[PDB]
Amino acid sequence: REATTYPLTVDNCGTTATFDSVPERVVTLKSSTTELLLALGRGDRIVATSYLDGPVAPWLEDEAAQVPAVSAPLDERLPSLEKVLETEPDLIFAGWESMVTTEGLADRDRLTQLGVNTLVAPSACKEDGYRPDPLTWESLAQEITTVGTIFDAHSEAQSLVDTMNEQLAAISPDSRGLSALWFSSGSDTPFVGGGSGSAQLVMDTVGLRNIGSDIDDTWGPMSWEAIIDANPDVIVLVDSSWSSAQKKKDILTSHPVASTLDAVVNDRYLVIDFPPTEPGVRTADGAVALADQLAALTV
């Protein structure tokens, strides 16, 4: 039954952010931020959205239906700052840190001067000291709790964390010692899940060894030669609008050497949608989905 005390000061990716009162008019950038506010029962605070990553989670459809901004995003990517400001926001809630730098909408200090708070999803901080190290489920719980505090939504945040933990509790790590390629896009040079993002978190959780684990980033290129030598037991396909799961199956099938891998010959594929690959509460839903598919797979 806690209610937030304002003014509230928080360190958010190394910027001091002070909230004089609960946010009322928020522009959310990326699906992660938009859906987190929907999930916390704060959809009515969303005055604009931009850079959405796909349809909302099915369980957020009824919240999204009450928020006109979800139906009319400002832009497919970053909107102009003028369009953002037209809605008289008190907060810009950015899924990626770059969006509130000079290379994005504007720097955070300049936005503060103009009367606009900024909040970067805590899971998305990129600098040393603030980047998850490593990303864990607790990183994501802490993000929910922090945003809940800012939005005076303490019970809602606790509920959301409890729901994520229940989903995770449904997963028993596979004990077969299997390895996996996490294949995002690319035919000439595959782009794969690296060792420091959601891909690694999810593979660790479901019990797959990531052949891309030595990549020190969320994603990286891996040559066909290196993939073939790694011999992944299972292949996770990210199903995105720009590279479908089927497209990647066809790439694998058509490759004159990778088509001879056991994983490819035996259709040992797991499929995850794009939005849960951005770290957030949906990532746990993605993990459940992959765990269920892996359970159904014989190898």
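One-based numbering along the sequence shown.
Trainee: For the stretches 213-221 and 136-144, which has the higher mean C-alpha B-factor as given in the deposited record?
Mentor: Taking the mean B-factor of the alpha carbons in each, 213-221 is higher.
Trainee: Could you settle it for me: does 152-160 or 222-230 have the higher average Cα B factor in the PDB entry?
Mentor: The recorded data point to 222-230.
Trainee: Among 98, 200, 175, 118, which residue carries the highest C-alpha B-factor recorded in the PDB entry?
Mentor: In this record, 175 carries the highest C-alpha B-factor of the candidates.
Trainee: Highest Cα B-factor in the PDB entry belongs to which of 52, 265, 236, 46?
Mentor: Top of the list by C-alpha B-factor: 265.
Trainee: Using the temperature factors of the C-alpha atoms in this entry, rank residue 30 within its chain: lowest, middle or highest third.
Mentor: CA B-factor rank for residue 30: lowest third.
Trainee: C-alpha B factor of residue 255, ranked within the chain: lowest, middle or highest third?
Mentor: Highest third - that is where residue 255 ends up once the chain's C-alpha B-factors are sorted.
Trainee: Can you tell me whether residue 278 has a C-alpha B-factor in the lowest, middle or highest third compared with the other modelled residues of the same chain?
Mentor: Within its chain, residue 278 is a middle-third residue by C-alpha B-factor, going by the deposited values.
Trainee: Sorting by Cα B-factor within the chain, modelled residues only, which third would residue 194 end up in: lowest, middle or highest?
Mentor: Ranked within chain, residue 194 CA B lands in the lowest tercile.
Trainee: Quick check for you: using the entry's CA B-factors within this chain, is residue 82 in the lowest, middle or highest third?
Mentor: It belongs to the middle third of the chain when residues are ordered by C-alpha B-factor.
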